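The chain below stands alone and is given in structure tokens; this is the form deposited in one PDB entry.
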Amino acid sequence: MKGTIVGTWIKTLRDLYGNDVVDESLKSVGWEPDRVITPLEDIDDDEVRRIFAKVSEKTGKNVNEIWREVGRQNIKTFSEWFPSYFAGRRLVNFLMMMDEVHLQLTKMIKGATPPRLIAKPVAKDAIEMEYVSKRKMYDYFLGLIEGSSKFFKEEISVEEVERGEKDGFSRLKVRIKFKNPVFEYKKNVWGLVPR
């Protein structure tokens, strides 16, 4: 995985989740020393896998929930570190850029393997999002979405539409329903218009 994002995981992981004791043992004493790189440096793997397991072991939490919770708070952590993307959007626009954004992030960033996050309006109060990846981080994906609902303060329901595997990738499609509709029909204009 890439250096930066792994930054947040540890940040968000200690920021509010268990203490510096629970994870600073898996972290600066799981097997490794205290601190990733940051700039755009690379990192390892599968060690995130086992620190997360030892956090699940360490707290009383299934590891999938650890992941989800990270995703929730990791949206503020994201908001804190370098938040050009937040300024000026409602929830929807923000989700819909996320694909373009994950690509850009990887454009000139060799080796990067970010997910695909294709969204599509399906109703005055609903979009559909599809996560596609060789990793199956379904829980982190769900959390981010809820973490977003919280930061932008717009209530939602999320529901799984389907899931599958195609050409070696894992997919998960969800339907995100908004409390207050985010699209509208405009008079002589076809289709759901971003109200």
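Just so we're on the same page, rigid core means the largest C-alpha set that superposes within 1.5 Å between forms. All residue numbers refer to positions in the sequence shown, first residue = 1.
Here the subject shifts to the form deposited in another entry, a form of this protein not shown in this document.
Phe52: CA moves 2 Å or more between this form and the one not shown after rigid-core fitting.
In the core-superposed comparison between this form and the one not shown, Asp42 has its Cα shifted by at least 2 Å. Once the rigid core is used as the reference frame, the Cα position of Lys150 differs between this form and the one not shown by less than 2 Å.
Compared with the form shown here, the C-alpha atoms of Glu100 and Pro39 sit at least 3 Å closer together in the other form. Distance between the C-alpha atoms of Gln104 and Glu47: shorter in the other form than here (change of 3 Å or more).
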